[PDB]
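Q: As they're listed, the protein sequences go chains W, r, B, R, q, I, Z, P, D and C.
If you read the first sequence in the authors' numbering, its first letter stands for residue 12, the second for the next number, and so on.
If you read the second sequence in the authors' numbering, its first letter stands for residue 1, the second for the next number, and so on.
If you read the third sequence in the authors' numbering, its first letter stands for residue 24, the second for the next number, and so on.
If you read the fourth sequence in the authors' numbering, its first letter stands for residue 1, the second for the next number, and so on.
If you read the fifth sequence in the authors' numbering, its first letter stands for residue 98, the second for the next number, and so on.
If you read the sixth sequence in the authors' numbering, its first letter stands for residue 1, the second for the next number, and so on.
If you read the seventh sequence in the authors' numbering, its first letter stands for residue 2, the second for the next number, and so on.
When you line the eighth sequence up against the authors' numbering, it's residues 1 to 328, 333 to 343, in that order.
If you read the ninth sequence in the authors' numbering, its first letter stands for residue 200, the second for the next number, and so on.
If you read the tenth sequence in the authors' numbering, its first letter stands for residue 7, the second for the next number, and so on.
The beta carbon of each residue, even a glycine, is placed where N, CA and C say it ideally should be.
This is the structure I have questions about; it appears just below.
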Amino acid sequence: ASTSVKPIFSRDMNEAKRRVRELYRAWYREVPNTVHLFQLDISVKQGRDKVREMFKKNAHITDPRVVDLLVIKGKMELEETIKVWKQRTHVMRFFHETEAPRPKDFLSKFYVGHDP
Amino acid sequence: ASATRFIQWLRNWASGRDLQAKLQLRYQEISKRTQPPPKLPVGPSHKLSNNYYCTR
Amino acid sequence: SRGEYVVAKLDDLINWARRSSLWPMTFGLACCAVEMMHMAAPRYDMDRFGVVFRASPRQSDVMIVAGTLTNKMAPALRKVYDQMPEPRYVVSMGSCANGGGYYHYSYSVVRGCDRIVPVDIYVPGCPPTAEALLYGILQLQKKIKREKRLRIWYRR
Amino acid sequence: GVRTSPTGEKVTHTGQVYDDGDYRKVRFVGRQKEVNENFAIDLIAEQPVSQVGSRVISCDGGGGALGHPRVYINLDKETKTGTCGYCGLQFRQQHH
Amino acid sequence: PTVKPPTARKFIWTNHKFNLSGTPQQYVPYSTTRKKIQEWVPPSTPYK
Amino acid sequence: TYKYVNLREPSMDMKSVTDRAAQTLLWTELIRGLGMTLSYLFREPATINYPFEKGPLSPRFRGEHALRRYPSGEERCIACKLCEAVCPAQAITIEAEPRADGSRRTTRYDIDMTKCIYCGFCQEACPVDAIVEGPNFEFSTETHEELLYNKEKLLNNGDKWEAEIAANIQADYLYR
Amino acid sequence: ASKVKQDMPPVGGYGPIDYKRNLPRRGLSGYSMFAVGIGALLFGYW
Amino acid sequence: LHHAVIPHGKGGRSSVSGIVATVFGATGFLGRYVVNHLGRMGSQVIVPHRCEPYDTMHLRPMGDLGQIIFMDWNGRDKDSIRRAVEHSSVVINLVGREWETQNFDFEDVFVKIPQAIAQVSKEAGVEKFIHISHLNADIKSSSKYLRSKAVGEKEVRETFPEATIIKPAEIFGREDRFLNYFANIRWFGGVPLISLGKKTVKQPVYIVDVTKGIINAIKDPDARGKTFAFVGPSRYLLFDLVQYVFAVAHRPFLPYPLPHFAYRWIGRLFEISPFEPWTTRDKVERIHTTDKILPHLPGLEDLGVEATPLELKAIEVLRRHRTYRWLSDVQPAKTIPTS
Amino acid sequence: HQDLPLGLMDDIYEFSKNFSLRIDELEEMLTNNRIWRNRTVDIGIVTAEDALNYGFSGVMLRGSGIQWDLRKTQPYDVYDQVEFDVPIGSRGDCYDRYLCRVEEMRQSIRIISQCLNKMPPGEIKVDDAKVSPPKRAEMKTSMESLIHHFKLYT
Amino acid sequence: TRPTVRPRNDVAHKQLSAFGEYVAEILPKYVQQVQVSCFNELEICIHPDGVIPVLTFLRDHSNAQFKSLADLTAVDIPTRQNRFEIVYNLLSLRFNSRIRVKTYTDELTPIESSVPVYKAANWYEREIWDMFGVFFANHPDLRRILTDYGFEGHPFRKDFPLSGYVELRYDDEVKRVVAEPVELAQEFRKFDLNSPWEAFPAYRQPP
Ligand SMILES: NC(=O)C1=CN([C@@H]2O[C@H](COP(=O)(O)OP(=O)(O)OC[C@H]3O[C@@H](n4cnc5c(N)ncnc54)[C@H](OP(=O)(O)O)[C@@H]3O)[C@@H](O)[C@H]2O)C=CC1
Ligand code: SF4
Ligand code: SF4
Ligand code: SF4
Ligand SMILES: [Zn+2]
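Written as structure tokens, this is what we have:
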């Protein structure tokens with residue numbers, strides 16, 4: 012049948028959502044010494060808040076194969092921050108400290124330009 | 001090529017070979033920098049007959 | 024008689040020293056590094072202008088960017104520039120290091136090294152011929168000869 | 001044949017000149033505005049018109065393969081002059 | 098040049114200049130075209 | 001056909017072994033290396049005295065750009081945009097419109113000498129030999145902006161290098 | 002109306018070009034060098 | 001204004017914002033951030049400089065090709081001022097100096113030069129003008145630095161009636177001369193303080209907050225002909241503030257008192273050097289001046305900016321004063341209640 | 200793109216005539232040097248099977264003894280009309296692959312010598328204007344040769 | 007023979023066609039299609055479930071002995087349901103011949119890693135994952151190889167813009183190299199070069 016599709020790691024959501032939790036634990040117990048080695052100027056508080064935001068955006072997913080990739084890519088993004096392959100700039104590219112706000116209210120977009 | 005004979009012998013003895021016949025500097029064996037204009041050939045398709053494109 | 028003359032001549036000496044002993048740090052990244060090596064070859068012999076072949080970043084004075092500066096490499100280039108002792112100059116060599124060159128529109132290429140470090144000379148070409156680069160280094164010396172570091176101190 | 005504007009900015013052959021209050025004039029302060037003195041439209045209108053005795057004359061820019069693609073020009077119209085599309089030289093028919 | 102002099106023409110420079118970079122005579126780029134869109138100048142005579 | 005580069009076995013007779021023993025103990029082979037460098041201490045160096053001497057080139061060389069003119073004075077460029085469509089790096093921007101005398105001529109011609117890869121395709125495609133790569137290679141600048149040529153700079157280069165550009169084409173226009 | 006003229010090898014071809022390894026052999030036998038060295042010492046000690 | 005340069009783009013590096021700005025004194029600590037913001041949004045910034053072209057190199061990467069323009073000027077040549085402001089729409093003056101010189105003193109840099117800029121700008125046609133003053137500015141203060149700003153601040157508003165004036169407090173930052181100053185006193189042993197640092201209340205303000213505030217005044221039309229006062233979120237006691245500096249620096253702290261007159265004596269032999277004075281009699285006074293609490297002047301919040309706490313961005317500045325790289333938390337400095 | 204300018208194949212002969220000695224001067228410094236041998240002998244040993252299964256090609260196969268060179272097994276152009284030899288290693292280390300490269304410089308002189316003698320006359324680009332552009336003399340006198348010039352470059 | 011037409015090689019055409027049926031008969035389970043192009047190349051199309059059985063056959067079978075992985079790459083064709091097209095190019099030194107083996111997958115379907123068969127495929131599969139997003143199962147180490155660290159996307163896919171989504175510079179406020187949305191001084195210019203006249207009647211698709 013066409014609907015049947017080969018899996019990646021998990022055969023259903025219940026098994027797939029286990030890895031999200033195991034991945035989350037790795038990140039939560041890695042920020043404090045990530046902020047230490049990289050000598051960042053962000054507290055462990057808002058560092059952990061950032062990981063909360065990243066997961067929360069991929070919360071509407073319902074496909075076990077899509078979730079596996081988002082975990083596989085999540086594990087890679089962690090191996091770079093533990094083996095310090097990333098430099099100080101790469102870790103600070105999540106926090107967007109150099110892009111001016113882009114307001115969402117209609118008037119602000121109307122005043123500035125033609126975009127929606 | 002302006003090396004005195006005694007220096008020629010010393011450089012030749014040190015290297016174990018006659019370096020004067022195979023200088024790595026060019027003096028006069030290079031071709032001239034201005035040449036007569038050429039007239040290059042033309043390919044085998046420059047025919048006025050029996051040259052329909054569909055056969056090549 | 025005026026102090027301006029005493030400090031103008033004394034500025035010429037320090038300018039002369041810094042222009043007759045340039046010690047470059049070659050950031051050879053791409054093809055443009057081959058022409059840099061030729062400039063050090065017997066025919067041109069940069070070493071006879073007081074310019075040594077290579078040096079460590081903290082013994083260096085001028086940084087020669089010769090190649091394409093990708094995004095992955097940009098963080099490293101800036102770090103070496105920050106650790107170079109002053110005075111320091113950057114020579115941007117080749118079309119890739121000036122404004123992107125052949126790869127201007129690539130997702131992975133930094134469209135000009137001037138977006139990462141300041142630049143004092145631009146040597147165009149693809150690659151700039153070994154002699155073209157030697158025109159850039161000499162043109163760099165004439166910049167250092169015009170500097171008035173001590174004059175501006177005397178009139179603050 | 002420059003036509004320097006009242007504010008003192010030269011006009012190029014394309015006709016570009018910044019207006020009195022255009023902030024882009026600041027790029028010239030301390031420097032100069034690159035302008036080409038020899039205008040194309042003033043060097044090709046000062047050429048003599050060639051008189052030829054046939055209804056069709058062919059121009060190839062002069063110099064053989066160092067000019068422009070050879071074209072053929074029709075001189076049947078008495079009112080105006082034939083004009084090469086590439087080089088701008090002019091031709092006229094003798095009497096007919 | 099003393100033997101084979103170049104061909105002479107009116108538009109060729111009679112005073113060759115050297116690299117003018119860094120001096121006031123340097124070259125400053127600019128757009129050589131004209132304005133594309135023209136705006137509407139309101140009448141200077143007040144209404145009413 | 002092939003050949004072995006390092007297949008010969010060393011000898012094992014009394015004289016051969018002593019030669020290898022004498023070489024090791026007396027540094028014979030290394031003293032032979034010092035000889036070669038000594039020869040180069042008595043050879044004329046190949047260094048040319050730039051800038052009073054120059055490296056050889058040929059008429060085909062590809063350097064700074066220049067828009068040419070006809071013998072009369074009219075521009076050769078008729079704004080066909082063939083060069084713009086062959087430029088690998090998209091370093092050329094062209095705009096055109098009828099002139100006051102009703103001729104096809106350009107009102108914008110810029111070469112971004114930082115995007116350009118100095119490849120020569122622009123002069124291979126020009127049907128009237130208007131855009132050429134002159135023989136100059138010494139135009140290093142002190143600012144990024146002044147490497148963005150427009151029509152005025154290119155036309156000055158034609159009026160500046162016409163003496164040498166025309167000669168080079170005369171020596172090369174039969175091969176191309 | 003001249004013939005075709007283009008770059009071609011001269012009539013009769015070019016002269017031979019060497020390419021093989023030609024490292025010369027030089028020096029005295031291993032025995033002899035020791036004899037000079039040993040003999041140099043003994044005169045020194047004497 | 002029939003030209004009205006029109007914004008285009010997404011407010012990025014290659015966009016057009018329509019602000020043609022002349023930033024006098026842009027080669028210094030406060031200039032770096034103002035030029036950086038103006039260029040980061042694609043603005044035409046003219047940078048007149050008195051220094052050598054080498055010292056302005058760090059500014060070149062801060063704008064797109066052709067945006068940052070450098071001109072040569074002299075504070076005593078009004079024609080050089082006019083050449084740098086005739087084509088602009090906003091003029092920002094950041095000229096100043098912590099010490100006097102044989103050629104320029106506090107009267108010339110804070111009154112004569114600012115007065116010249118305003119008079120030239122008004123005739124040139126500039127519609128905006130941003131001036132920078134000091135929060136503790138008055139004409140009855142022992143410090144000469146703070147006396148010359150009060151005089152100048154008044155002359156600007158009688159020469160450019162629409163000018164905007166800003167009165168920040170001691171600004172801290174990476175290149176500042178406030179936090180780095182205290183950390184550098186470790187060379188001479190103890191850390192002398194008039195009295196013992198008590199009775200001194202200071203309200204430092206972060207550089208970016210000042211920089212973001214200045215830009216806002218260039219966009220909104222409510223900032224014309226109005227005075228502001230950029231101050232931090234909390235008020236500290238000078239002793240507590242200095243103690244916190246050595247805590248982050250993780251260095252010995254041995255404060256000892258020094259009479260006010262005695263502190264001025266040493267400040268006289270430190271200003272005899274023909275170079276950047278290490279400390280001056282004037283510097284001692286400002287370090288021990290209690291920042292005013294003017295409540296009738298709009299602050300950063302009135303311009304949409306939010307003040308940055310000292311604690312959040314203090315490890316950033318002092319990181320290099322520590323003598324070990326990692327060092328394996334420092335308690336926040338005591339804050340006076342706002343009341 | 201263009202034919203060789205007159206007076207070029209003579210200069211190549213002058214360069215090729217003297218190059219072989221330059222290689223000999225290179226080998227004097229390195230081949231039999233004890234210091235250079237110690238930094239390349241028994242270093243980077245690669246087995247024949249590993250070289251093939253790791254995707255190695257070129258002197259990385261020959262250096263290990265595998266007899267393979269695309270110029271002789273899958274010839275392209277006229278590499279089937281030049282005689283040359285393919286140096287082959289016996290040990291598969293840095294020193295052997297250094298001798299293959301130094302030997303390959305000598306076989307290149309061997310090939311370059313033959314190319315100078317056996318160079319035939321004629322044209323230098325396919326005589327088909329729909330693939331290779333026409334000459335500028337023809338593009339300026341024939342309407343067919345201008346259309347094909349126009350469309351090959353646009 | 008014509009001087010401007012590449013000569014045919016009928017002898018090679020027959021031999022590779024003969025070897026095409028040989029493989030199709032020995033692996034009916036995986037082989038789906040077998041071509042031989044007019045310039046004598048052999049392409050074998052297989053079900054994705056047959057990467058190891060068909061590669062292990064060619065690498066070990068006596069009459070195949072394809073003991074060298076020339077290259078491994080993917081081709082993106084968005085229109086197809088399974089957009090990606092994995093391609094293997096093998097070489098046989100014993101028989102002096104080359105064979106190209108093609109399979110396919112989509113975004114979310116794994117393809118078995120071939121490192122057990124060809125150690126050269128280690129890095130090649132990392133490149134496919136980095137540039138195309140295809141995930142290879144049981145790969146000893148699967149990480150980005152070419153792209154910048156933390157790069158979001160897969161550039162070689164046909165729907166990733168040529169200029170990317172972010173660009174780098176050095177903002178002096180924070181003293182680091184930062185990333186910002188992409189803005190270009192001169193937009194890349196799109197050319198419509200395709201002629202509206204059929205160029206080759208031989209490759210004409212059905213209506
Ligand atoms: N930073 C702080 O803590 C405070 C700042 N301010 C005010 O901000 C302004 C200065 O800020 P800041 O950046 O730290 O000062 P800086 O020490 O960093 O330099 C000020 C700039 O003004 C120039 N300058 C000084 N004198 C002259 C002169 N005679 N002629 C021309 N230029 C001159 C300097 O040019 P160059 O160096 O190249 O010679 C320099 O670029 C002052 O008005 C100050 O009162 C307000 C409250 C606190
Ligand atoms: S500018 Fe040209 S030679 Fe230099 S790195 Fe780029 S492509 Fe290579
Ligand atoms: S040389 Fe090449 S890259 Fe440069 S302008 Fe001409 S066609 Fe474009
Ligand atoms: S330079 Fe030549 S090819 Fe380019 S537009 Fe002008 S005429 Fe056409
Ligand atoms: Zn014509």
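Around the C-beta of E75 of chain I, are 16 or more other C-beta atoms found within 10 angstroms, so that it is buried, or is it exposed?
A: Residue 75 of chain I sits at position 75 when you count from the first residue of the sixth sequence. The residue in question, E75 of chain I, is buried, as its Cβ has 16 or more Cβ neighbours within 10 Å.
Q: Does DSSP put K212 of chain P in a helix, in a strand, or in coil?
A: Here residue 212 of chain P refers to the residue found at position 212 of the eighth sequence. Correct three-state label for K212 of chain P: helix.
Q: Does DSSP put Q280 of chain D in a helix, a strand or coil?
A: For the purposes of this step, residue 280 of chain D is taken as the residue at position 81 of the ninth sequence. Residue state, collapsed to three classes: coil.
Q: Taking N168 of chain I as the reference, which of r:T34, r:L25, r:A1 and r:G16 has the closest Cα?
A: Mapped onto the sixth sequence, residue 168 of chain I falls at position 168. Out of r:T34, r:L25, r:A1 and r:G16, r:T34 has the C-alpha closest to the C-alpha of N168 of chain I.
Q: Report the three-state DSSP secondary structure of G82 of chain R (helix, strand or coil).
A: One-based indexing of the fourth sequence puts residue 82 of chain R at position 82. If DSSP states are grouped into helix, strand and coil, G82 of chain R belongs with the strands.
Q: Run the proximity test for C87 of chain R: is its beta-carbon closer than 7 Å to any non-hydrogen atom belonging to ligand 6?
A: Ligands present in the displayed structure are limited to ligand 1, ligand 2, ligand 3, ligand 4 and ligand 5, and ligand 6 is not among them.
Q: Can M62 of chain B and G51 of chain B be called in contact, C-beta distance under 8 Å?
A: As a first step, residue 62 of chain B is located in the third sequence; it is residue number 39 there, counting from the start. As a first step, residue 51 of chain B is located in the third sequence; it is residue number 28 there, counting from the start. Taking 8 Å as the Cβ cut-off, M62 of chain B and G51 of chain B do not qualify as a contacting pair.
Q: Show which residues of chain q have a CB atom less than 7 Å away from the CB atom of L148 of chain I.
A: For the purposes of this step, residue 148 of chain I is taken as the residue at position 148 of the sixth sequence. By Cβ distance, chain q contributes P126.
Q: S289 of chain D touches chain I at which residues, Cβ-Cβ below 9 Å?
A: Start at 1 with the first residue of the ninth sequence, and residue 289 of chain D comes out as number 90. Residues of chain I passing the Cβ test: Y4, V5, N6 and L7.
Q: Is the beta carbon of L38 of chain P less than 8 Å from the beta carbon of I69 of chain P?
A: Within the eighth sequence, the letter at position 38 stands for residue 38 of chain P. Within the eighth sequence, the letter at position 69 stands for residue 69 of chain P. Contact: no.
Q: Give the DSSP bridge partners of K3 of chain I, in chain order.
A: The residue given as residue 3 of chain I occupies position 3 in the sixth sequence. Per DSSP, the beta-bridge partners of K3 of chain I are D:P286.
Q: Relative to ligand 2, what is the chain-ordered list of residues with a Cβ closer than 5 Å to any of its non-hydrogen atoms?
A: B:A53, B:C54, B:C55, B:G90, B:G117, B:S118, B:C119, B:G124, B:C149 and B:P150
Q: Establish whether the CB of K73 of chain C and some CB of chain D are separated by less than 8 Å.
A: To locate residue 73 of chain C, count along the tenth sequence from 1; it is residue 67. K73 of chain C belongs to the set of residues whose beta carbon lies under 8 Å from a beta carbon in chain D.
Q: Taking only beta carbons into account, state which residues of the stretch 36 to 67 of chain I come closer than 9 Å to chain r, listed in chain order.
A: Against chain r - using a Cβ distance shorter than 9 Å - the residues of the stretch 36 to 67 of chain I are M36, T37, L38, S39, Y40, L41, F42, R43, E44, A46, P56 and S58.
Q: Which runs of the alpha helix (DSSP H) spanning at least 4 residues fall entirely within the stretch 67 to 111 of chain B, listed in chain order?
A: 97 to 106
Q: Tell me, please, which residues DSSP counts as bridged to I46 of chain P.
A: Counting from one through the eighth sequence, the residue named residue 46 of chain P turns up at place 46. Paired residue(s): P:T22 and P:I69.
Q: For the stretch 69 to 80 of chain W and the stretch 152 to 166 of chain C, state whether three or more C-beta atom pairs, one from each stretch, are separated by less than 8 Å.
A: Not touching, per the Cβ criterion.
Q: On the three-state DSSP scale, how would you describe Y175 of chain I?
A: What you label residue 175 of chain I is simply residue 175 of the sixth sequence in a count that begins at 1. Note: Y175 of chain I maps to coil in three-state DSSP.
Q: Who are the neighbours of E145 of chain I on chain P, taking C-beta pairs under 7 Å?
A: Here the question's residue 145 of chain I lines up with position 145 in the sixth sequence. Those are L65 and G66, listed as they occur along chain P.
Q: Listed by chain order, which residues have C-beta atoms less than 6 Å from any heavy atom of ligand 4?
A: I:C77, I:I78, I:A79, I:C80, I:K81, I:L82, I:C83, I:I94, I:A125, I:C126, I:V128, I:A130 and I:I131
Q: Between which two residues does the alpha helix (DSSP H) harbouring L33 of chain B extend?
A: As a position in the third sequence, residue 33 of chain B is number 10, starting the count at 1. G26 to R42 is the extent of the alpha helix (DSSP H) around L33 of chain B.
Q: Given the structure, does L45 of chain B come close to ligand 1, in the sense that its CB is under 7 Å from one of the ligand's heavy atoms?
A: In the third sequence, counting from the first residue as 1, residue 45 of chain B sits at position 22. The answer is no for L45 of chain B.
Q: Chain Z partners of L30 of chain I, CB-CB under 7 Å?
A: Here residue 30 of chain I corresponds to residue number 30 of the sixth sequence, with the count starting at 1. Those within 7 Å of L30 of chain I in chain Z number zero; the least Cβ separation is about 13 Å.
Q: Beta strand (DSSP E) containing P192 of chain P: first to last residue?
A: Residue mapping note: residue 192 of chain P aligns to position 192 of the eighth sequence, counting from 1. Bounds of the beta strand (DSSP E) holding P192 of chain P are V191 to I194.
Q: Is the closest heavy atom of ligand 5 to the C-beta of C84 of chain R under 7 Å?
A: Your numbering for residue 84 of chain R matches position 84 in the fourth sequence. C84 of chain R Cβ: within cutoff of ligand 5.
Q: Evaluate the contact criterion for the stretch 3 to 12 of chain I versus the stretch 92 to 107 of chain W: three or more CB pairs, one atom per stretch, below 8 Å.
A: no
Q: How about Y352 of chain D and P333 of chain D: do their beta carbons lie closer than 8 Å?
A: Position 153 of the ninth sequence, counting from 1, holds the residue named residue 352 of chain D. Position 134 of the ninth sequence, counting from 1, holds the residue named residue 333 of chain D. Contact flag unset, no.
Q: Within 8 Å, do at least three Cβ pairs link the stretch 107 to 115 of chain C to the stretch 43 to 62 of chain C?
A: yes
Q: So the alpha helix (DSSP H) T107 of chain I belongs to, where does it begin and stop?
A: Translated into positions along the sixth sequence, residue 107 of chain I becomes position 107. Element bounds for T107 of chain I: not the alpha helix (DSSP H) but the beta strand (DSSP E), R104 to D112.
Q: Using only the heavy atoms of ligand 1, determine whether one of them is closer than 7 Å to the beta carbon of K115 of chain I.
A: Locating residue 115 of chain I in the sixth sequence gives position 115, where the first residue counts as 1. No, since every heavy atom of ligand 1 falls outside the 7 Å radius drawn around the Cβ of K115 of chain I.
Q: Between the C-alpha atoms of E113 of chain C and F90 of chain C, what's the straight-line distance to the nearest angstrom?
A: Sequence index remark: in the tenth sequence, residue 113 of chain C carries index 107 (1-based). Sequence index remark: in the tenth sequence, residue 90 of chain C carries index 84 (1-based). When rounded, the distance between both Cα atoms is 8 Å.
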